[PDB]
>>> print(open('final34.cif').read())   # mmCIF, C-alpha atoms and all ligand atoms
data_final
loop_
_atom_site.group_PDB
_atom_site.id
_atom_site.type_symbol
_atom_site.label_atom_id
_atom_site.label_comp_id
_atom_site.auth_asym_id
_atom_site.auth_seq_id
_atom_site.Cartn_x
_atom_site.Cartn_y
_atom_site.Cartn_z
ATOM 1 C CA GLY D 1 -6.039 -4.966 17.012
ATOM 2 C CA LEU D 2 -6.357 -1.194 17.332
ATOM 3 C CA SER D 3 -8.224 0.912 19.870
ATOM 4 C CA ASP D 4 -10.868 3.401 18.793
ATOM 5 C CA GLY D 5 -8.464 6.215 19.648
ATOM 6 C CA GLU D 6 -5.919 4.640 17.302
ATOM 7 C CA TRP D 7 -8.481 4.141 14.533
ATOM 8 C CA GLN D 8 -9.402 7.789 15.018
ATOM 9 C CA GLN D 9 -5.789 8.767 14.363
ATOM 10 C CA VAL D 10 -5.576 6.464 11.342
ATOM 11 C CA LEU D 11 -8.644 7.962 9.711
ATOM 12 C CA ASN D 12 -7.450 11.439 10.660
ATOM 13 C CA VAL D 13 -4.163 10.805 8.878
ATOM 14 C CA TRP D 14 -6.087 9.294 5.997
ATOM 15 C CA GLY D 15 -7.923 12.588 5.492
ATOM 16 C CA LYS D 16 -4.563 13.942 4.396
ATOM 17 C CA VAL D 17 -4.242 11.275 1.745
ATOM 18 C CA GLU D 18 -7.800 11.830 0.554
ATOM 19 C CA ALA D 19 -7.140 15.543 -0.097
ATOM 20 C CA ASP D 20 -4.744 14.348 -2.799
ATOM 21 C CA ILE D 21 -5.103 10.628 -3.375
ATOM 22 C CA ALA D 22 -3.375 10.603 -6.765
ATOM 23 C CA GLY D 23 -0.354 12.558 -5.475
ATOM 24 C CA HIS D 24 0.063 10.319 -2.445
ATOM 25 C CA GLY D 25 -0.505 7.150 -4.479
ATOM 26 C CA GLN D 26 2.031 8.240 -7.031
ATOM 27 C CA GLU D 27 4.680 8.947 -4.411
ATOM 28 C CA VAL D 28 4.049 5.677 -2.566
ATOM 29 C CA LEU D 29 4.595 3.643 -5.721
ATOM 30 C CA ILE D 30 7.659 5.666 -6.664
ATOM 31 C CA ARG D 31 9.125 5.202 -3.166
ATOM 32 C CA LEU D 32 8.502 1.455 -3.517
ATOM 33 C CA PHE D 33 9.934 1.044 -7.011
ATOM 34 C CA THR D 34 13.056 3.117 -6.272
ATOM 35 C CA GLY D 35 13.601 1.713 -2.790
ATOM 36 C CA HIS D 36 13.115 -1.858 -4.021
ATOM 37 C CA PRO D 37 13.580 -2.234 -7.809
ATOM 38 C CA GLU D 38 12.728 -5.939 -7.804
ATOM 39 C CA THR D 39 9.144 -4.863 -7.043
ATOM 40 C CA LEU D 40 8.982 -3.100 -10.416
ATOM 41 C CA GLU D 41 9.431 -6.487 -12.107
ATOM 42 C CA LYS D 42 6.025 -7.660 -10.863
ATOM 43 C CA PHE D 43 4.284 -5.025 -13.024
ATOM 44 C CA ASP D 44 4.253 -5.832 -16.727
ATOM 45 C CA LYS D 45 2.879 -2.339 -17.379
ATOM 46 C CA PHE D 46 5.493 -0.436 -15.381
ATOM 47 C CA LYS D 47 8.539 -2.621 -16.035
ATOM 48 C CA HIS D 48 9.332 -0.303 -18.969
ATOM 49 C CA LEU D 49 9.968 2.543 -16.545
ATOM 50 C CA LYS D 50 13.701 2.884 -16.050
ATOM 51 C CA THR D 51 14.022 6.296 -14.470
ATOM 52 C CA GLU D 52 12.236 8.050 -11.635
ATOM 53 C CA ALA D 53 11.472 10.944 -14.033
ATOM 54 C CA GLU D 54 9.574 8.557 -16.293
ATOM 55 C CA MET D 55 7.831 7.278 -13.155
ATOM 56 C CA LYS D 56 6.949 10.836 -12.169
ATOM 57 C CA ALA D 57 5.664 11.531 -15.689
ATOM 58 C CA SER D 58 3.533 8.393 -15.879
ATOM 59 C CA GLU D 59 -0.198 9.151 -15.718
ATOM 60 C CA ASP D 60 -0.908 5.413 -15.674
ATOM 61 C CA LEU D 61 1.293 5.079 -12.592
ATOM 62 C CA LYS D 62 -0.640 7.875 -10.895
ATOM 63 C CA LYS D 63 -3.800 6.105 -12.032
ATOM 64 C CA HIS D 64 -2.695 2.837 -10.435
ATOM 65 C CA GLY D 65 -1.616 4.776 -7.360
ATOM 66 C CA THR D 66 -5.204 5.951 -7.117
ATOM 67 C CA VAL D 67 -6.559 2.408 -7.453
ATOM 68 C CA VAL D 68 -4.234 1.098 -4.773
ATOM 69 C CA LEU D 69 -4.906 3.813 -2.188
ATOM 70 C CA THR D 70 -8.623 3.793 -2.934
ATOM 71 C CA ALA D 71 -8.588 0.095 -2.119
ATOM 72 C CA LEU D 72 -6.434 0.581 0.986
ATOM 73 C CA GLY D 73 -8.637 3.441 2.170
ATOM 74 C CA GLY D 74 -11.773 1.358 1.745
ATOM 75 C CA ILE D 75 -10.114 -1.299 3.878
ATOM 76 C CA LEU D 76 -8.919 1.147 6.574
ATOM 77 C CA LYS D 77 -12.356 2.707 6.867
ATOM 78 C CA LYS D 78 -13.656 -0.687 7.968
ATOM 79 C CA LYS D 79 -11.564 -0.378 11.144
ATOM 80 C CA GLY D 80 -10.477 -4.003 11.126
ATOM 81 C CA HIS D 81 -13.717 -5.484 9.808
ATOM 82 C CA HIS D 82 -12.367 -5.932 6.328
ATOM 83 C CA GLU D 83 -12.600 -9.662 5.615
ATOM 84 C CA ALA D 84 -14.799 -9.230 2.527
ATOM 85 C CA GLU D 85 -12.643 -6.397 1.208
ATOM 86 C CA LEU D 86 -9.311 -8.059 1.886
ATOM 87 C CA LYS D 87 -9.961 -11.640 0.735
ATOM 88 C CA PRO D 88 -10.091 -10.927 -3.023
ATOM 89 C CA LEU D 89 -6.957 -8.776 -2.752
ATOM 90 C CA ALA D 90 -5.093 -11.487 -0.876
ATOM 91 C CA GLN D 91 -6.254 -13.969 -3.500
ATOM 92 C CA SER D 92 -5.297 -11.915 -6.551
ATOM 93 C CA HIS D 93 -1.931 -10.973 -5.140
ATOM 94 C CA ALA D 94 -1.034 -14.536 -4.136
ATOM 95 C CA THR D 95 -2.454 -16.366 -7.146
ATOM 96 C CA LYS D 96 -2.354 -13.946 -10.068
ATOM 97 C CA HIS D 97 0.202 -11.270 -9.219
ATOM 98 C CA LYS D 98 2.429 -13.563 -7.108
ATOM 99 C CA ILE D 99 3.431 -10.853 -4.625
ATOM 100 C CA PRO D 100 5.443 -12.107 -1.660
ATOM 101 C CA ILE D 101 4.413 -10.729 1.707
ATOM 102 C CA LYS D 102 7.862 -9.076 1.966
ATOM 103 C CA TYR D 103 6.729 -6.582 -0.696
ATOM 104 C CA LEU D 104 3.702 -5.685 1.389
ATOM 105 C CA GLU D 105 6.130 -4.900 4.193
ATOM 106 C CA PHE D 106 8.014 -2.694 1.734
ATOM 107 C CA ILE D 107 4.985 -0.670 0.667
ATOM 108 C CA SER D 108 3.839 -0.329 4.288
ATOM 109 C CA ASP D 109 7.058 1.383 5.253
ATOM 110 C CA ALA D 110 6.901 3.394 2.019
ATOM 111 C CA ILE D 111 3.526 4.815 3.048
ATOM 112 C CA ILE D 112 5.056 5.865 6.354
ATOM 113 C CA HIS D 113 7.939 7.552 4.542
ATOM 114 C CA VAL D 114 5.645 9.461 2.156
ATOM 115 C CA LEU D 115 3.458 10.803 4.947
ATOM 116 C CA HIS D 116 6.524 12.219 6.719
ATOM 117 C CA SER D 117 7.814 13.589 3.437
ATOM 118 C CA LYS D 118 4.559 15.277 2.395
ATOM 119 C CA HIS D 119 3.590 16.386 5.906
ATOM 120 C CA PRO D 120 6.804 17.099 7.835
ATOM 121 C CA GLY D 121 6.046 17.999 11.446
ATOM 122 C CA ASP D 122 2.409 17.204 10.772
ATOM 123 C CA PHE D 123 2.688 13.429 11.184
ATOM 124 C CA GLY D 124 3.124 13.019 14.922
ATOM 125 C CA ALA D 125 4.488 10.110 16.936
ATOM 126 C CA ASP D 126 1.034 8.949 17.974
ATOM 127 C CA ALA D 127 -0.163 9.178 14.394
ATOM 128 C CA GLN D 128 2.762 7.113 13.107
ATOM 129 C CA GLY D 129 2.115 4.504 15.765
ATOM 130 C CA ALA D 130 -1.529 4.126 14.803
ATOM 131 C CA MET D 131 -0.878 4.057 11.039
ATOM 132 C CA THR D 132 1.914 1.510 11.511
ATOM 133 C CA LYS D 133 -0.360 -0.775 13.553
ATOM 134 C CA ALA D 134 -3.099 -0.466 10.947
ATOM 135 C CA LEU D 135 -0.736 -1.511 8.155
ATOM 136 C CA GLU D 136 0.576 -4.391 10.266
ATOM 137 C CA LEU D 137 -2.983 -5.624 10.760
ATOM 138 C CA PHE D 138 -3.604 -5.407 7.019
ATOM 139 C CA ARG D 139 -0.372 -7.294 6.326
ATOM 140 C CA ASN D 140 -1.020 -9.930 8.960
ATOM 141 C CA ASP D 141 -4.482 -10.748 7.638
ATOM 142 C CA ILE D 142 -3.101 -11.051 4.111
ATOM 143 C CA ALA D 143 -0.340 -13.293 5.467
ATOM 144 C CA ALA D 144 -2.972 -15.599 6.926
ATOM 145 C CA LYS D 145 -4.632 -16.015 3.534
ATOM 146 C CA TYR D 146 -1.211 -16.550 1.933
ATOM 147 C CA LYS D 147 -0.551 -19.381 4.408
ATOM 148 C CA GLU D 148 -3.904 -20.915 3.552
ATOM 149 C CA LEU D 149 -2.928 -20.875 -0.132
ATOM 150 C CA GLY D 150 0.566 -22.213 0.576
ATOM 151 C CA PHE D 151 1.992 -19.184 -1.159
ATOM 152 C CA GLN D 152 5.589 -18.073 -0.720
HETATM 153 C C1 LIG I 1 -1.512 -1.522 0.334
HETATM 154 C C2 LIG I 1 -1.116 -2.510 -0.472
HETATM 155 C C3 LIG I 1 -1.808 -2.861 -1.808
HETATM 156 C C4 LIG I 1 -3.075 -2.646 -2.212
HETATM 157 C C5 LIG I 1 -4.247 -2.017 -1.411
HETATM 158 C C6 LIG I 1 -3.202 -3.137 -3.559
HETATM 159 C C7 LIG I 1 -4.346 -3.103 -4.328
HETATM 160 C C8 LIG I 1 -4.457 -3.489 -5.641
HETATM 161 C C9 LIG I 1 -5.652 -3.425 -6.470
HETATM 162 C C10 LIG I 1 -7.026 -2.891 -5.983
HETATM 163 C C11 LIG I 1 -5.332 -3.903 -7.691
HETATM 164 C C12 LIG I 1 -6.229 -4.068 -8.937
HETATM 165 C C13 LIG I 1 -7.208 -5.231 -8.715
HETATM 166 C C14 LIG I 1 -6.467 -6.534 -8.468
HETATM 167 O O1 LIG I 1 -5.716 -6.982 -9.360
HETATM 168 O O2 LIG I 1 -6.628 -7.148 -7.389
HETATM 169 C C15 LIG I 1 -3.939 -4.274 -7.663
HETATM 170 C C16 LIG I 1 -3.243 -4.796 -8.728
HETATM 171 C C17 LIG I 1 -1.914 -5.129 -8.743
HETATM 172 N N1 LIG I 1 -1.031 -5.089 -7.672
HETATM 173 FE FE1 LIG I 1 -1.560 -4.465 -5.797
HETATM 174 N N2 LIG I 1 -1.976 -3.628 -3.953
HETATM 175 C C18 LIG I 1 -1.092 -3.475 -2.906
HETATM 176 C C19 LIG I 1 0.240 -3.841 -2.902
HETATM 177 C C20 LIG I 1 0.949 -4.344 -3.969
HETATM 178 C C21 LIG I 1 2.379 -4.585 -4.008
HETATM 179 C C22 LIG I 1 3.303 -4.321 -2.802
HETATM 180 C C23 LIG I 1 2.693 -5.080 -5.219
HETATM 181 C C24 LIG I 1 4.059 -5.498 -5.819
HETATM 182 C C25 LIG I 1 5.230 -5.090 -5.325
HETATM 183 C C26 LIG I 1 1.465 -5.127 -5.990
HETATM 184 C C27 LIG I 1 1.358 -5.579 -7.273
HETATM 185 C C28 LIG I 1 0.238 -5.506 -8.058
HETATM 186 C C29 LIG I 1 0.221 -5.842 -9.461
HETATM 187 C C30 LIG I 1 1.406 -6.352 -10.296
HETATM 188 C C31 LIG I 1 -1.215 -5.600 -9.912
HETATM 189 C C32 LIG I 1 -1.819 -5.773 -11.317
HETATM 190 C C33 LIG I 1 -1.363 -4.542 -12.079
HETATM 191 C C34 LIG I 1 -1.943 -4.564 -13.469
HETATM 192 O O3 LIG I 1 -1.363 -5.257 -14.338
HETATM 193 O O4 LIG I 1 -2.981 -3.893 -13.690
HETATM 194 N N3 LIG I 1 0.426 -4.697 -5.197
HETATM 195 N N4 LIG I 1 -3.445 -4.015 -6.403
#
>>> encode(input="final34.cif", output="structure tokens")
Amino acid sequence: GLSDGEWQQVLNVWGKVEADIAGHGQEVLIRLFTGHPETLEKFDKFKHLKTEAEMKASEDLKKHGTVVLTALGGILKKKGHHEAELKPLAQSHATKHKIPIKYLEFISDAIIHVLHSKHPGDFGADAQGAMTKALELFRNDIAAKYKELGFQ
């Protein structure tokens, strides 16, 4: 549960991502795959990537980065009212992709890392707080649907 002030910060920060959604999306996925290599194994179409240079050179990875952040952005712009948007993602990730909630924690922190990396000194304490809460909300609502499905 975020305040309107906090949602304001979230969407303000998001304007940064929207100026270059492919570049952010790319770096988030790279941060995830290199921080936590077991995550790479869940992608049959990226599992071939061995090196970060290959990751950096992958237009399909950038493409998927765009799909992911486009989805996340759509969800964030709902300011918490994202049941319709979130339900199919929870379902596909639990039932088809089999993504444990731990990996959603991983990519949450990765987003935080990328924002600091791409905008050093421009991602303030208040901004980090709001973004972090927003990603926790996202994660928590997915976790509820995972529990429903009995998915571990
Ligand atoms: C902010 C978090 C995330 C968002 C918004 C997101 C969104 C999406 C979307 C929109 C798709 C394509 C449609 C679909 O299959 O539902 C997708 C596919 C997929 N996602 Fe996620 N995702 C997130 C996190 C993750 C994480 C953390 C993992 C694994 C570590 C993951 C693994 C996958 C895989 C394996 C696919 C299918 C890829 C393919 O074969 O095309 N996702 N995701």
>>> axis_aligned_box(input="final34.cif", around="ligand LIG 1 (chain I)", padding_each_side="8 Å", output="lines of an AutoDock Vina configuration file")
center_x = -1.0
center_y = -4.3
center_z = -7.0
size_x = 28.4
size_y = 21.6
size_z = 30.7
>>> closest_residue(input="final34.cif", among="D:133, D:77, D:96, D:50", to="ligand LIG 1 (chain I)", atoms="only C-alpha atoms and all ligand atoms")
D:96
>>> resolve_selection(input="final34.cif", expression="the PyMOL selection byres (((chain D and resi 13-26) around 6) and not hetatm)", output="PyMOL selection string")
chain D and resi 10-12+27-29+62+65-66+69
>>> write_last_selection(input="final34.cif", atoms="C-alpha atoms", output="PDB file, in the frame of the given file")
ATOM      1  CA  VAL D  10      -5.576   6.464  11.342  1.00  0.00           C
ATOM      2  CA  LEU D  11      -8.644   7.962   9.711  1.00  0.00           C
ATOM      3  CA  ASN D  12      -7.450  11.439  10.660  1.00  0.00           C
ATOM      4  CA  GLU D  27       4.680   8.947  -4.411  1.00  0.00           C
ATOM      5  CA  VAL D  28       4.049   5.677  -2.566  1.00  0.00           C
ATOM      6  CA  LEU D  29       4.595   3.643  -5.721  1.00  0.00           C
ATOM      7  CA  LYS D  62      -0.640   7.875 -10.895  1.00  0.00           C
ATOM      8  CA  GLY D  65      -1.616   4.776  -7.360  1.00  0.00           C
ATOM      9  CA  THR D  66      -5.204   5.951  -7.117  1.00  0.00           C
ATOM     10  CA  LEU D  69      -4.906   3.813  -2.188  1.00  0.00           C
TER      11      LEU D  69
END
>>> residues_around(input="final34.cif", residues="residue D:78", least_positions_apart="6", cutoff="12 Å", atoms="all atoms listed in the file", output="PyMOL selection string")
chain D and resi 2+4+7-8+10-11+71-72+84-86+134+138
>>> residues_near_ligand(input="final34.cif", ligand="ligand LIG 1 (chain I)", cutoff="9 Å", atoms="only C-alpha atoms and all ligand atoms", output="PyMOL selection string")
chain D and resi 29+32-33+36+38-46+64-65+67-75+86+88-93+96-108+111+135+138-139
>>> atom_distance(input="final34.cif", atom1="atom CA of residue D:94", atom2="atom CA of residue D:145")
8.6 Å
>>> atom_distance(input="final34.cif", atom1="atom CA of residue D:81", atom2="atom CA of residue D:129")
19.6 Å
>>> atom_distance(input="final34.cif", atom1="atom CA of residue D:130", atom2="atom CA of residue D:6")
5.1 Å
>>> residues_near_point(input="final34.cif", point="(3.0, 9.1, 14.2)", cutoff="10 Å", atoms="only C-alpha atoms", output="VMD selection string")
chain D and resid 9 to 10 13 112 115 to 116 121 to 132
>>> closest_residue(input="final34.cif", among="D:95, D:58, D:120, D:110", to="residue D:34", atoms="all atoms listed in the file")
D:110
>>> decode(input="final34.cif", residues="stretch 64-146 of chain D", atoms="C-alpha atoms", output="CSV table (one decimal), in the first residue's frame")
chain,number,residue,atom,x,y,z
D,64,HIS,CA,12.5,-9.5,-24.1
D,65,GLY,CA,13.7,-6.7,-21.8
D,66,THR,CA,11.3,-4.4,-23.6
D,67,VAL,CA,8.4,-6.9,-23.1
D,68,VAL,CA,9.1,-7.3,-19.4
D,69,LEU,CA,9.4,-3.6,-18.6
D,70,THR,CA,6.5,-2.7,-20.8
D,71,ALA,CA,4.4,-5.2,-18.7
D,72,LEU,CA,5.8,-3.9,-15.4
D,73,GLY,CA,5.2,-0.3,-16.4
D,74,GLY,CA,1.6,-1.1,-17.4
D,75,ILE,CA,1.2,-2.6,-13.9
D,76,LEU,CA,2.9,0.3,-12.1
D,77,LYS,CA,0.8,2.8,-13.9
D,78,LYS,CA,-2.3,1.2,-12.3
D,79,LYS,CA,-1.0,2.4,-8.9
D,80,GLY,CA,-2.0,-0.8,-7.1
D,81,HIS,CA,-5.2,-1.5,-9.1
D,82,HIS,CA,-3.6,-4.2,-11.2
D,83,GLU,CA,-5.5,-7.4,-10.5
D,84,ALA,CA,-6.5,-7.9,-14.2
D,85,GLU,CA,-3.0,-7.1,-15.4
D,86,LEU,CA,-1.2,-9.2,-12.8
D,87,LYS,CA,-3.3,-12.4,-12.7
D,88,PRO,CA,-2.3,-13.7,-16.1
D,89,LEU,CA,1.4,-13.0,-15.3
D,90,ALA,CA,1.2,-14.8,-12.0
D,91,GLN,CA,-0.5,-17.7,-13.7
D,92,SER,CA,2.0,-18.0,-16.6
D,93,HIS,CA,5.0,-17.7,-14.3
D,94,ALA,CA,3.7,-20.3,-11.8
D,95,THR,CA,2.2,-22.8,-14.3
D,96,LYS,CA,4.1,-22.4,-17.5
D,97,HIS,CA,7.4,-20.8,-16.7
D,98,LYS,CA,7.7,-22.3,-13.1
D,99,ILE,CA,9.4,-19.2,-11.7
D,100,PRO,CA,9.8,-19.3,-7.9
D,101,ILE,CA,9.0,-16.1,-6.1
D,102,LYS,CA,12.6,-15.9,-5.0
D,103,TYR,CA,13.5,-14.9,-8.6
D,104,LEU,CA,11.0,-12.1,-8.5
D,105,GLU,CA,12.9,-10.9,-5.4
D,106,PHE,CA,16.1,-11.1,-7.4
D,107,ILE,CA,14.8,-9.0,-10.3
D,108,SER,CA,13.3,-6.5,-8.0
D,109,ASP,CA,16.6,-5.7,-6.4
D,110,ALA,CA,18.2,-5.8,-9.9
D,111,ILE,CA,15.9,-3.0,-11.0
D,112,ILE,CA,17.0,-1.0,-8.0
D,113,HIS,CA,20.6,-1.6,-8.9
D,114,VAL,CA,20.2,-0.6,-12.5
D,115,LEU,CA,18.5,2.7,-11.6
D,116,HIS,CA,21.4,3.6,-9.4
D,117,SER,CA,23.9,2.5,-12.0
D,118,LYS,CA,22.2,4.4,-14.9
D,119,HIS,CA,21.2,7.5,-12.8
D,120,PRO,CA,23.9,7.9,-10.1
D,121,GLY,CA,23.0,10.8,-7.8
D,122,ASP,CA,19.7,11.1,-9.6
D,123,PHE,CA,17.9,8.2,-7.8
D,124,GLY,CA,17.3,9.7,-4.4
D,125,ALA,CA,16.5,8.1,-1.0
D,126,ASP,CA,12.8,8.9,-1.2
D,127,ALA,CA,12.7,7.6,-4.8
D,128,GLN,CA,14.3,4.3,-3.9
D,129,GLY,CA,11.9,3.9,-1.0
D,130,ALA,CA,8.9,4.4,-3.2
D,131,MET,CA,10.2,2.1,-6.0
D,132,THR,CA,11.1,-0.6,-3.5
D,133,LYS,CA,7.6,-0.5,-1.9
D,134,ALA,CA,6.0,-0.7,-5.4
D,135,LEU,CA,8.0,-3.8,-6.3
D,136,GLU,CA,7.2,-5.4,-2.9
D,137,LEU,CA,3.5,-4.8,-3.6
D,138,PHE,CA,3.9,-6.4,-7.0
D,139,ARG,CA,5.8,-9.4,-5.5
D,140,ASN,CA,3.3,-9.8,-2.7
D,141,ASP,CA,0.3,-9.9,-5.0
D,142,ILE,CA,2.0,-12.5,-7.2
D,143,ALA,CA,2.9,-14.5,-4.1
D,144,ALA,CA,-0.8,-14.6,-3.1
D,145,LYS,CA,-1.7,-16.1,-6.5
D,146,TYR,CA,1.2,-18.6,-6.2
